[PDB]
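Each of the two blocks below gives one form of the same protein chain as structure tokens; they are labelled structure 1 and structure 2.
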Structure 1
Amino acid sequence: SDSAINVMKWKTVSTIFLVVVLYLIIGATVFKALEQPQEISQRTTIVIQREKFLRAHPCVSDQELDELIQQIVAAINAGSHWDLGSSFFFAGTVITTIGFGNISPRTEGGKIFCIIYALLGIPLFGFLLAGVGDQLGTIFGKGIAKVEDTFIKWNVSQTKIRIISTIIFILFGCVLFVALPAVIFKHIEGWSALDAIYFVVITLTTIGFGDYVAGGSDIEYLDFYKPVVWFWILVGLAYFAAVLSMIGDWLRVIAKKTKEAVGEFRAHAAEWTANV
């Protein structure tokens, strides 16, 4: 029965859908809980700054200030960040689906070329990202081969070592691809320890908020700083690519433990019910 297999699939999809919808509701409340207060204090202090500017300076009134604000808002639409170097940056953001968006095409023509460029670029880059990831994955293979002959054969059996190996991949991976670049971002880019990691994650996950852009701030980079972040991204995006895939498998493993843990809990409702 073909429609029976499809009923099993829609049952699976529909539950995950709710888990997602539920995951959204939970997060939506946690963010508002965290961000709501700062918005009020920050939005109240900005109000004190308008009232203080007209009081401190009789020179300016409400008639000139509103006209001023209208010009700054328009300045948001504009912002050279389209020079040879920044555009090459823009292209990278386009084909990686990071899209920080701080610099986006404002021309009807640039919008058309961006569309085409993206549709052709993103798949192209995917092949590269696949090879880079494959290379890095095999490099990792040579490393664990050296480690699997030292202290794998000794005490603990090989059945539980696969758990130890996965921890090594995360340890080093976090150090090289997260820790080191975050350290560098802090000093060079001036970002706090947290803001550094925040950038690393929101970037290598292709989220790309744009609130933190390494090399985006306008002042004083080193000669080879920008080229090194490019390489970090090519290899960084591949790392989270695997990491995100691993976390995915953790979920399909767990999803079963909870699904049978619910069958257990119902079971010992069942017989516990018949013994009464």
Structure 2
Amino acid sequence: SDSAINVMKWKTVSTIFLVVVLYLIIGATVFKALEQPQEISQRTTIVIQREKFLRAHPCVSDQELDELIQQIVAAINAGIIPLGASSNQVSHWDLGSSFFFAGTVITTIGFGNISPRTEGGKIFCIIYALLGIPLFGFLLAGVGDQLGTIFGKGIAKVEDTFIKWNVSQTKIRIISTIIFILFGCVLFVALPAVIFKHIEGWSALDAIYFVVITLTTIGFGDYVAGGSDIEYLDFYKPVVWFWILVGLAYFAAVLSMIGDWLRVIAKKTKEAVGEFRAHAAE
């Protein structure tokens, strides 16, 4: 009965797929409901800024105007400060920023603000990730273990003081998982999001949004710690490397937990549908 279970497996893969299709649909509508308006109010006002110099300088080709912008945007992807008051310019591929870049590869964050333009940079980048991603896999795992055992020692002390009359074995894990979410979200989310707000100038929401986008390895790149030129004590960046190293370890378990809650809510809903069928109006 080898196919007995494979027939059953495909039945579970297909329902998870139809539920993933439905999760993309619900989200797809909620984002354009949130973002479609601001996009329009920003295209009407940007055309208002277009005309105020479209006919403010008729002695330009006015086709090269929309062609000029192409030369800027197309050239901004690499990072360009085309200004006359700032002809001197800081590098994006210097000693520290190309060390950053390597980090954003092996950790699959890939912010993208700085990416290779040379065919060699690309070819090396493909080799670098195909090796470096697995390699960094072991480090993050060891950093998960260590960080994990440092918590086993802490709960061995918290699960002995709260041992009062009428204690249970399986219920006390509920108390455990709560302290993991609470203390975790402080050191890896709350505390570092504050330093971001003050060092990068970001808002409270923007710093948290950066933390989540970064430590889930989505890494859009719209916000990046250490991106601007401000001052960067350089006590700053090396601490961020460590935050990433341990902050990734954290979300790895957190995300993995959230999934278990999803099998369970999946079990209790699969059986609640059996109950409902089973009674269904008397």
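Numbering for residues begins at 1 and runs along the sequence of structure 1. We call the rigid core the largest set of C-alpha positions that still match within 1.5 Å between the two forms.
Participant: Would you mind telling me which residue of 144, 175, 118, 152 shifts its Cα by 2 Å or more between structures 1 and 2 when the core is superposed?
Facilitator: Shifted by 2 Å or more: 152 only.
Participant: So with the rigid core superposed, the C-alpha of residue 8 shifts by how many Å between structures 1 and 2?
Facilitator: Its C-alpha moves by 0.4 Å once the cores are overlaid.
Participant: Just grab the Cα shift of residue 70 between structures 1 and 2 for me, core aligned, in angstrom.
Facilitator: Displacement of the alpha carbon, after core fit: 2.6 Å.
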